Amino acid sequence: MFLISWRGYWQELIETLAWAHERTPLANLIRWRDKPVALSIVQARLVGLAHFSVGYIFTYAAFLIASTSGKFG
Amino acid sequence: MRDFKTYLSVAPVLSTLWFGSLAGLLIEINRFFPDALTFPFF
Amino acid sequence: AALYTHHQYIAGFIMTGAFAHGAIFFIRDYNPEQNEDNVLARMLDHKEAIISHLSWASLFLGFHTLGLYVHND
Amino acid sequence: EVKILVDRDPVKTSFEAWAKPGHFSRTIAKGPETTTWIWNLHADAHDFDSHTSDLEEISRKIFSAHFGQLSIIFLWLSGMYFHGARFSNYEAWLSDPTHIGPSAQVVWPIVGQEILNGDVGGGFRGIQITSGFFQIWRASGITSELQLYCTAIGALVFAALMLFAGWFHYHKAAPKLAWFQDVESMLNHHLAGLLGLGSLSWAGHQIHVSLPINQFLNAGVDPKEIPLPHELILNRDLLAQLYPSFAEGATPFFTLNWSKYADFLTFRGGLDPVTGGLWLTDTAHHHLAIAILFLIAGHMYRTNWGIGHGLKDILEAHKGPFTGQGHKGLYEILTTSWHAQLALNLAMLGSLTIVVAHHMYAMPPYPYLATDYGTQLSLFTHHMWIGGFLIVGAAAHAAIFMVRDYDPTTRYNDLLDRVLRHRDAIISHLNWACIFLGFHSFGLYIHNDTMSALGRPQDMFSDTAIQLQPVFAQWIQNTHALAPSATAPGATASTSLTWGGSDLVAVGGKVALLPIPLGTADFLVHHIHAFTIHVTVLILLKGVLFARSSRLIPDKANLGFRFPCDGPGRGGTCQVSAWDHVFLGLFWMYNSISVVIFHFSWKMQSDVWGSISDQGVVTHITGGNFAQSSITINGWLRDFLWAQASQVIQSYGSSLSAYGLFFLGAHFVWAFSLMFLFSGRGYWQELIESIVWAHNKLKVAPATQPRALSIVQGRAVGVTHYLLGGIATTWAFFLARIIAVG
Amino acid sequence: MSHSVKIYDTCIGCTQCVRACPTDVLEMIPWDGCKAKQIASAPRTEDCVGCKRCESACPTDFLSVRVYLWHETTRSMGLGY
Amino acid sequence: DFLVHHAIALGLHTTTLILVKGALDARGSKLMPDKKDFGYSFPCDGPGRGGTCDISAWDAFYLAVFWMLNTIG
Amino acid sequence: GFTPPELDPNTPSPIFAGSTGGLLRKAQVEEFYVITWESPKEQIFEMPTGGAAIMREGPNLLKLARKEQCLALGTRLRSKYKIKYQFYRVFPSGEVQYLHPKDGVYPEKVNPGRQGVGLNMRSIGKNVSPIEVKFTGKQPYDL
Amino acid sequence: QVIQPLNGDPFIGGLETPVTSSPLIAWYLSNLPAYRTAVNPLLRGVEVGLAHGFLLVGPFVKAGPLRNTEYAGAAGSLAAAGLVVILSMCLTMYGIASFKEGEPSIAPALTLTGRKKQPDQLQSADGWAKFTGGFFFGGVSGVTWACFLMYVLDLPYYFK
Ligand code: CLA
Ligand code: CLA
Ligand code: CLA
Ligand code: CLA
Ligand code: CLA
Ligand code: CLA
Ligand SMILES: CC1=C(/C=C/C(C)=C/C=C/C(C)=C/C=C/C=C(C)/C=C/C=C(C)/C=C/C2=C(C)CCCC2(C)C)C(C)(C)CCC1
Ligand code: SF4
Ligand code: SF4
Ligand code: SF4
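Quick notes on the rules
- Residues numbered from 1 in each chain as written, not as in the entry; some residues may be left out.
- Chains lettered and ligands numbered in written order.
- Part of a larger assembly, values for the part shown.
- Heavy atoms only, no water.
- Helix = DSSP H or I, 4+ residues; strand = E, 2+ residues; numbered from the N terminus.
- Rg over C-alpha atoms; globule rule 2.2 N^0.38 Å.
- Contact = heavy atoms within 4.5 Å.
- Near = heavy atom within 4 Å.
- Patch = residues over 30% accessible without salt bridge, like charges linked within 9 Å, V, L, I, M, F, W, Y side chains within 5 Å.
- Areas by Shrake-Rupley, 256 points an atom, 1.4 Å probe, with all protein chains shown as cover.
- Salt bridge = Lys/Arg side-chain N within 4 Å of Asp/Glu carboxyl O.
- Buried < 20%, exposed > 50% of the residue type's maximum accessible area, 1.4 Å probe, protein only.
- Buried area = accessible area lost by both parts, 1.4 Å probe.
- Core = buried A, V, L, I, M, F, W, Y, C linked by side-chain atoms within 4.5 Å.
- Pairing = 2+ DSSP bridges.
- Axes fitted to C-alpha atoms, helices over the stretch in contact; angles between N-to-C directions.
- Donors = N, O, S within 2.8 Å, 3.2 Å for Na, K, Ca; no water.
- UniProt positions renumbered as here; feature names shortened; annotations may be inferred.
- Polar contact = N/O pair within 3.5 Å; in protein donor to acceptor, adjacent residues only side chain to side chain.
- Nonpolar A, V, L, I, M, F, W, Y, C, P; charged D, E, K, R; others polar.

Colleague: Sorry, what's going on with the overall build of chain F here?
Modeller: Tallying secondary structure elements over chain F gives two helices and zero strands in all. Computed over the C-alpha atoms, the radius of gyration of chain F is 15 Å, more than 25% above the 11 Å expected from 2.2 N^0.38 for a compact globule of 73 residues. Seen along its three principal axes, the alpha-carbon backbone of chain F occupies a region of about 45 × 20 × 20 Å. Considering only intrachain contacts with a sequence separation of at least 6, the fraction spanning at least 24 residues in chain F is 36%.

What follows is the structure, encoded as structure tokens:
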């Protein structure tokens, strides 16, 4: 989803989320110091690549070790 | 008739005719010379 | 198995980083005036031939390997 | 005022426009300068709203395109009837439906593909079909191949008639705009003449043809010795032997003694024990009542005579304090916008298809349909996918209405304005609902997986653990089980066997239907379904509401309905168009329908489908492991995917090997889609530059300059290949698994 | 702290770069290097969002108006909140 | 072994093609002659000139990481 | 010598029924924009914050959160209804900055008295390579 | 006309609805401790902490890993107290992140009618610090009271 879905949809969603937080009683007392924005395009590409690589490595490592440890040979 | 022949000369119609003729030729060759793994004529 | 997989993934990541840092050098540190008619500038001179021949090799290998595999299947 | 307004010979029939590609618009008819033009030629081909600004020509093109679609459908139906007449074992299947697999397609003996001609039974070798046409033909009273041939010829003639009508009503006698805007007469004719008269005629066919032929078939009479359907029409005594009320004629109908017709018009319910389907008398009475209801429901709207209702007045009469002016102005919106009608009809037809799939699985209406597990699975899955696609297209065209056909200067609606004014509240509340549903539906699966992996099975959300029982659904099932007792005393049995009781229908040693139990696993899967549906609704409704403007791009409507982005500005404005919202919601509809069909397959394989022993015991296909395994993702991976994929990965060398090849090819296409989905146009264009240099070196570069696919086209290709691969994978897996073991 | 919008001397004089600006960054000033006797200028790049609509309408061989993305503010990130 | 070694060669050649194309077009191409002025990692150059997604050399690295992972797999 | 027109706080606003797309906390802690125009006829227009409003005859004042919204609304007014429009930026301190026509003339058409900012007297391909600007704050395009 | 613009202002990002501006809803929100501007933030924090720590004990006791053992009453309650130790900590960090020592309160100084109002001391360093301390004290007191009621004094309850 960091690789397929792109920034404008998430930014337009975050705008509505910010409106909801600014208009919710007992929650307007808590306000953010940094304005919430969507992930940058290069940043989202890096995040999706990191999730992809972590999944690749962890999945194949688990399969390899489990296959060679459930039977050693 | 000239416009219809021009339509027959457009890319998808001509490609369909050419590839259908080629596929028919290959299918008939595979029927008459089936299971060809080598070239044994020489 | 774990050692082989670990070191091969490490080597792949490291080679990818080597090419990435070569691109970084080309963007940042490359000086065309000090490198005129060098063996390094002539790569950029005939970059189209290199890229097209790499494309041909990859396309030929993929076409014929996938065709043989699909044929066997 | 409602007359036939038709202009004569508006468009000249000629091949001049055939010779020129892209004649419909101006920017495209100039000729190709790059390759992108070709793709554009296949993108604006059916966008009649962009070709011309006149509603009359658009409506005429729509009418003739509908005629062409009807001709294609009739051609396809003729093909199915022909392939059921020739190259089929329908006559063999009629004698032994419980042991002979239906088949209507045979492959030619070339390149070794004749292995696909499997031993389906009945002295026939061919591809086993799962469309359930044999059950339809048996329910229609068809006992010979000549009848199928006649139906195929008639459908060919009807396809030719539809094509001629499409040519005639555009090139020769085209309707005017006011003809299309007569919505009241159209609704009257489509409720009384299309649905009502069609239901009445089908009820007449079932009463006069299907009932006696099916009675003879269920009596064990050989199909070739059964009297022909016309013999039961000319000889009323032949029909009167089976149903004595036919001896009285139509006088009980005209004297309101309808209770005399209680032998072929029964409110029995349940299923036929002989065939495992609904009683055909029940279907006849149902279609009769539906015909009466539609016929008296079609005289509602006003026309040339002063009696009737006005749609505009009915809409304007409904307005409340919260909504202000109410539904005023919606008639002018709906009568002047084809996209709004397409959105409404697509949503309704998708929901109708979904409820059709549910009601066909719950009540098999054809003989020997429930015991055909492949037909049931294929029908449910197929109509689920069709409904999801139509529901997505509903929002896809609602967005087009909002971008193009919406304006408040004229044709202003108060309800739409009030919806657009508080759209942030709707989107934020639906966002919270999606997050809450996702957490309390999938984190429960994660919790169960972690508790089982940590060796704490008592801490999971299982039946032998913390129980989340669907008390409401179980109460509904119990209420519908006792409906014949108090609430519906005129019904002999319940409306289905999937509620409860000791009832069980088994035909030929196979279970047709069983009382389906509901537990914690069904609870978790149904809330997962709700979460996925709510997320898809969130994406589609956000696209529809923000298709015009937002806090990011105040002039998004000027950019169009289908544009890639607004540059890397504002941090990045990628996929801000409503088309990209549809493109994103396609994946989520795919995910939701995939989870739904996985749930259906596993639940009916574990708790409904199976075999009946002679002693009386029932053994299911997967042994009822849905209650304890489906509560964890590892259970879905192992006991459903891994366990049931053995029938599709081991199909090589047998008649089901095409399913294995399609499994592999669908995996390949799904992986191939990720190249378009993850990449961008600039890299491919820069590579095409080098390839163009290589071609230009040898004087072989084309005049049409090669260009990489556009951003929107790249996303479209990616999502199309993604859906194709991920759907064909499930198709091959389901078909191989349910044909090999069912 | 703004995106850097630069005008080069290859500017023909077409005002499409100015008409395509949604935040009124560019304007047309007099010049003498072309037939149109005018060139574009970017005095209000503090309001530039980076949408690059201006350089999507420049008809030269390469863009006479160039937007280089740079440090981003609340009005450069398109934030209404 | 022959088929899988040729698939390995296909993966190596394709990853090399992506990385070499990124390195040699890092300084610019016909679509973006002034890429060197935009640094190593930038999102795009807008939707103009047909569309310019993934035009940076960082994006070439990001695309080639997938092919490297597939080859090592 | 063009003088900027002063903002009139007592300007009536268009008839609007309320929307969730209006101002937020950014209008309080930071600036917000105000567009003023003169409608010759009481008609109905489409707000950039979603929904439709009914402008009244005479002067009309509308407060929005972004300059892009003000410019989009002004472009719609000029193209569709042919109304002269001016928008300002208002700070929480009360300061008003007259924004859009900086000389009273629209930026698309040439007007004397404008100074060139960001003007480079070279072709785009004559930019200095980054290696020649390394370890200095100056960018190649700023030279 | 039931749905109004927000305080007669159609150009503010909100709306007036019966869920937003009902007299009963406004009264209920105004009588909550978080909206008691004239009261010491210590007392409002004490009330909020008491309520939240009291309600937090139930889920931890009834759904904890030791919910079926003898240690269900104590350990889960301890977990609730631990959560308070976390929660106040978060509040403390908020009090350091937002408000400074030398600045006054940033709360609005007006009402719906537009009259002058003394700003709430909660939106200040000292006010939020007092609120957080009261929240911690009330949270531990409420957890202790819930444990005392359910398991020390042994009052009869349905315990879900
Ligand atoms: C997403 C939903 C979800 C849910 C509902 C549960 C539920 C449960 N888990 Mg599991 N779990 C999950 C996901 C989830 N888990 C995930 C993602 C993981 C990571 C792998 C785990 C791993 C895990 C572990 C390691 C353990 C549990 C355990 C438990 C129990 C919680 C114990 C506790 O300390 O918390 C209770 C916390 C609360 C403060 C509850 C707050 C909710 C309040 C009451 C909201 C009510 C809303 C209110 C009505 C709103 C309106 C207010 C009104 C005034 C207007 C409970 C049975 C424990 C156990 O084993 O017991 C079975 C435990 O040891 N879980
Ligand atoms: C597993 C699926 C998949 C496949 C098959 C490909 C295929 C390819 N990649 Mg892609 N790619 C993928 C996923 C995939 N990619 C992913 C996930 C990414 C990360 C974003 C990329 C990113 C990427 C980059 C960055 C590059 C490529 C390039 C290439 C080419 C490599 C050379 C070669 O193998 O050509 C052999 C060709 C094939 C395997 C594909 C065609 C399949 C058969 C042969 C089709 C024949 C048509 C058949 C008759 C069907 C008819 C169609 C219709 C009528 C039904 C090839 C087109 C490289 C390149 O462009 O090289 C030129 C390159 O630069 N890819
Ligand atoms: C009672 C007669 C009647 C009937 C049966 C229909 C039926 C139909 N109309 Mg409707 N329609 C009617 C009156 C009628 N209409 C009137 C009076 C108007 C003008 C207000 C319209 C306006 C209208 C439009 C604008 C459109 C339709 C469409 C359709 C088709 C969509 C449903 C569908 O395909 O199901 C499948 C149904 C069948 C195949 C069952 C058999 C119906 C037979 C083949 C139709 C013959 C009916 C015809 C009205 C009478 C013959 C005229 C004579 C000169 C030959 C369907 C054939 C849509 C379409 O698909 O057009 C091609 C479409 O675009 N209708
Ligand atoms: C929210 C309430 C509501 C709902 C749920 C529906 C739902 C439905 N309506 Mg719609 N409708 C509504 C409000 C609503 N409508 C209002 C207020 C009007 C008055 C403007 C209409 C006008 C209308 C007409 C005139 C017709 C429908 C039909 C239908 C059904 C479409 C059948 C289909 O799926 O295609 C399956 C195939 C077909 C039977 C339909 C063929 C295609 C039709 C004829 C084309 C629609 C053309 C329409 C007149 C647009 C012309 C534009 C003109 C101004 C230029 C669908 C279930 C159709 C129906 O009655 O079906 C039985 C139909 O004929 N609707
Ligand atoms: C029920 C009938 C229906 C009708 C009449 C329309 C009508 C239309 N649609 Mg809508 N739409 C529908 C349903 C419908 N839609 C559904 C169900 C969806 C959800 C997927 C959409 C989603 C949608 C989108 C996303 C868009 C439209 C747009 C359009 C317009 C132009 C269509 C176009 O030019 O394509 C001409 C035809 C093609 C491009 C064919 C493409 C090939 C498809 C994708 C492949 C199908 C795969 C096939 C089964 C696999 C076989 C393998 C192959 C080798 C043969 C037109 C008003 C377009 C628009 O208006 O643009 C401004 C547009 O952007 N529609
Ligand atoms: C397969 C993994 C995956 C996951 C987990 C998500 C996750 C999500 N998607 Mg994404 N998405 C994906 C793939 C995925 N997506 C793909 C392939 C696409 C391409 C189409 C998209 C595109 C997309 C769209 C278009 C939308 C989403 C939305 C959502 C969100 C709604 C669900 C929700 O909030 O429930 C709660 C969260 C989850 C179920 C995620 C897993 C959390 C588990 C249950 C608990 C983790 C434990 C806990 C946090 C402890 C942390 C440990 C600590 C050490 C940090 C959620 C963040 C929708 C959204 O924004 O609505 C709000 C939305 O509109 N997604
Ligand atoms: C047969 C044999 C032999 C030999 C061998 C050899 C001789 C080998 C070689 C090999 C080789 C020879 C290899 C190579 C490799 C390479 C590589 C791997 C590369 C890479 C590259 C890169 C990464 C790049 C980078 C860059 C760029 C991008 C640009 C800029 C610059 C730079 C450089 C940075 C002997 C006798 C001993 C023994 C027996 C066996
Ligand atoms: S900057 Fe672009 S639009 Fe402006 S004058 Fe130069 S070429 Fe024309
Ligand atoms: S990037 Fe957009 S806002 Fe900036 S100058 Fe260009 S058109 Fe104007
Ligand atoms: S990456 Fe592509 S879609 Fe995204 S902003 Fe750049 S050009 Fe537009």
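Colleague: For this particular structure, what's the right way to read the site of ligand 1?
Modeller: Surrounding ligand 1, one finds 17 residues, the nearest of these being D:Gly443, D:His447, D:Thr450, D:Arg456 and H:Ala63. What surrounds ligand 1 is not a single chain but chains D and H. Elements supplying a minimum of two residues to the shell around ligand 1: α20 (423-453) of chain D together with α2 (41-63) of chain H. Broken down by element, the residue count for the shell around ligand 1 peaks at seven residues, all from α20(D).

Colleague: I would appreciate a short explanation of a nonpolar patch on the surface in the present structure.
Modeller: Residue and element names in this part refer to chain B. A contiguous nonpolar patch, built from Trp18, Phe19, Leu22, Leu25, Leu26, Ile29, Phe32 and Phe33 and spanning about 900 Å² of accessible area, is present on the exposed surface. Looking at the element boundaries, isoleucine 29 is found in helix α2 (residues 11-32). When its relative accessible area of 39% is taken as the criterion, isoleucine 29 is described as partly exposed.

Colleague: Would you mind going over the interface of chain H and chain A with me for this structure?
Modeller: Often the size quoted for an interface is simply the accessible area lost on bringing the parts together. Contacts between chain H and chain A engage 14 residues on the former and nine residues on the latter. Between chain H and chain A, roughly 950 Å² of surface is buried when both sides are summed, and carbon and sulfur atoms account for 60% of that area. Of all residues in chain H, H:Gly13, H:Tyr35 and H:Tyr94 give up the largest surface area on contact with chain A, accounting jointly for 40% of the area buried on that side.

Colleague: I'm lost on the nonpolar core in this one. Help?
Modeller: Among soluble globular proteins, nonpolar side chains are generally buried collectively. Counting residues in hydrophobic clusters, the biggest one holds 154 residues, and the most contacted among them are F:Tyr40 and F:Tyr62. Sort the elements by how many residues they give to this core and helix α24 (residues 578-607) of chain D lands first, with 16 residues. Ignoring any residue separated from it by four or fewer positions in sequence, one finds F:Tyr62 in contact with A:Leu3, A:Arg45, A:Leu49, D:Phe678 and F:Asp54. Within the second largest apolar cluster, 29 residues are counted, among which are E:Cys17, E:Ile29, E:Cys54 and F:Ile55.

Colleague: Would you mind going over the sheet that holds strand β6 (residues 96-98) of chain G with me for this structure?
Modeller: Strands belonging to one sheet form pairs held by backbone hydrogen bonds; the direction of such a pair is parallel or antiparallel. Residues and elements named next belong to chain G. With antiparallel pairing, the four strands of this open sheet are ordered in space as β4-β1-β5-β6. Two strands bound the open sheet, and with one partner strand each, they are β4 (58-64) and β6. Neighbour to neighbour, the strand axes of the sheet diverge by 25° on average, direction disregarded.

Colleague: Looking at this model, I keep getting lost on the interface of chain G and chain E. Mind explaining?
Modeller: Counting residues at the interface gives 34 residues for chain G, matched by 41 residues for chain E. In this assembly, chain G packs against chain E so that about 3100 Å² is buried in total across both faces, 55% of it on carbon and sulfur atoms. Sorting the residues of chain G by area buried against chain E places G:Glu108, G:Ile124 and G:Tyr141 first, and these three jointly supply 20% of that buried surface. Here G:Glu31 makes a salt bridge to E:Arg75, at a shortest N to O gap of 3.0 Å.

Colleague: Is there a simple way to think about the pairing of strand β1 (residues 32-39) of chain G in this case?
Modeller: A regular strand places its side chains on the two faces of the sheet in alternate fashion. Residues and elements named next belong to chain G. Summarising burial for β1: seven of the eight residues are buried, a large majority. Bridge analysis of β1 against strand β5 (residues 85-90) gives six bridges, and the strand direction is antiparallel. Among the inter-strand pairings, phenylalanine 32 is bridged to a residue of β5, identified as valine 90. Strand direction decides the pairing type here: β1 and β4, joined by seven bridges, are antiparallel. Its bridge partner being in β4, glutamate 38 is matched across the sheet by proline 59.

Colleague: Just to check I follow, could you spell out the coordination of the magnesium atom of ligand 3 for this structure?
Modeller: Put simply, the ideal angle at a metal is 109.5 degrees for four donors in tetrahedral geometry and 90 or 180 degrees for six donors in octahedral geometry. The protein gives the magnesium atom of ligand 3 a lone donor atom, D:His190 (NE2), placed 1.9 Å from the metal. Note on placement: D:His190 falls in helix α10 (residues 183-218).

Colleague: Help me out: how do you make sense of unusual backbone geometry in this one?
Modeller: Backbone geometry follows two general trends: most residues other than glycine have a negative phi, and most peptide bonds adopt the trans configuration. Despite not being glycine, A:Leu26 has its phi angle at roughly 70°, a positive value. Locating A:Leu26 in the fold gives a position in the loop between α1 (7-22) and α2 (41-70). Residue E:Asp24 is not a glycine yet carries a positive backbone phi of 60°. Structurally, E:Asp24 is set in the loop between α1 (16-19) and β2 (27-30).

Colleague: In this structure, what is going on with the environment of D:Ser53? I would like to understand it.
Modeller: Residue placement: D:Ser53 occurs in the loop between α4 (48-51) and α5 (55-85). Sequence separation between D:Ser53 and D:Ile727 is 674 residues, and the spatial gap between their C-alpha atoms is 38 Å.

Colleague: Looking at this model, I keep getting lost on the side chain of E:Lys6. Mind explaining?
Modeller: Looking at the secondary structure, you find E:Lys6 in strand β1 (residues 4-8). Among residues more than four places away in sequence, those in contact with E:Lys6 are E:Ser64, E:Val65, E:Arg66, E:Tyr68, G:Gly118, G:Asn120, G:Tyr141 and G:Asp142.

Colleague: Teacher, can you tell me more about the UniProt feature "binding site: [4Fe-4S] cluster 2" in chain E here?
Modeller: Residue and element names in this part refer to chain E. Per the UniProt record, the feature "binding site: [4Fe-4S] cluster 2" sits at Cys21, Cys48, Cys51 and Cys54. For the annotated residues, spread through 34 residues, the largest C-alpha to C-alpha distance comes to 10.7 Å, consistent with a single compact locus. Note on placement: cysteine 48 falls in the loop between β3 (38-41) and β4 (65-68). Judged by relative accessible area, which is 7%, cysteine 48 ranks as buried. Residues contacting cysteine 48, with those up to four places away along its chain left out, are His3, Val5, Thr23, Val25, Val67, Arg75 and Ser76. Here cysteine 51 lies in the loop between β3 and β4.

Colleague: Explain the coordination of the magnesium atom of ligand 5 to me, please; I cannot follow it from the model alone.
Modeller: Among all protein atoms, only D:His397 (NE2) binds the magnesium atom of ligand 5, sitting 1.9 Å from it. Note on placement: D:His397 falls in helix α18 (residues 373-405).

Colleague: Just checking my understanding: could you explain the UniProt feature "binding site: [4Fe-4S] cluster 1" in chain E for this structure?
Modeller: Residues and elements named next belong to chain E. Here, UniProt's "binding site: [4Fe-4S] cluster 1" annotation points to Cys11, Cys14, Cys17 and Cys58. Across 48 residues in sequence, these annotated residues keep their C-alpha atoms within 10.0 Å of one another, forming a single compact spot. As for its position among the elements, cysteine 11 is in the loop between β1 and α1. In this structure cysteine 11 comes out as buried when scored by relative accessible area, which is 8%. Discounting chain neighbours no more than four positions away, the residues touching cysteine 11 are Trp31, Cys34, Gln38, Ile39, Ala40 and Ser64. With respect to the helices, strands and loops of the structure, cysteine 17 is situated in helix α1. Among residues more than four places away in sequence, those in contact with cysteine 17 are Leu26, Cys54, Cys58 and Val65.

Colleague: Looking at this structure, how should I read the arrangement of the chains?
Modeller: The interface with the most contacts, out of 18 pairs of chains in contact, is the one formed by chains E and G. Over all C-alpha pairs, chain B and chain G never come within contact, reaching a minimum spacing of 41 Å. One finds no contact linking chain B with chain H; the least C-alpha distance across the pair is 55 Å.

Colleague: It is not clear to me how the site of ligand 3 should be interpreted in this structure. Could you clarify?
Modeller: All names here are of chain D. In the neighbourhood of ligand 3, 15 residues make up the surrounding shell, with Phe63, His66, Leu70, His189 and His190 lying closest. At 2.7 Å from an oxygen atom of ligand 3 is found a side-chain nitrogen or oxygen belonging to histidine 66. Separating a nitrogen atom of ligand 3 from a side-chain N or O atom of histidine 190 is a distance of 2.8 Å. For the shell around ligand 3, the elements supplying multiple residues, two or more each, are α5, α9 (177-180) and α10. When residues of the shell around ligand 3 are assigned to their parent elements, the largest contribution, six residues, is made by α10. Looking at the shell around ligand 3 residue by residue, the class counts come to nine nonpolar, five polar and one charged.

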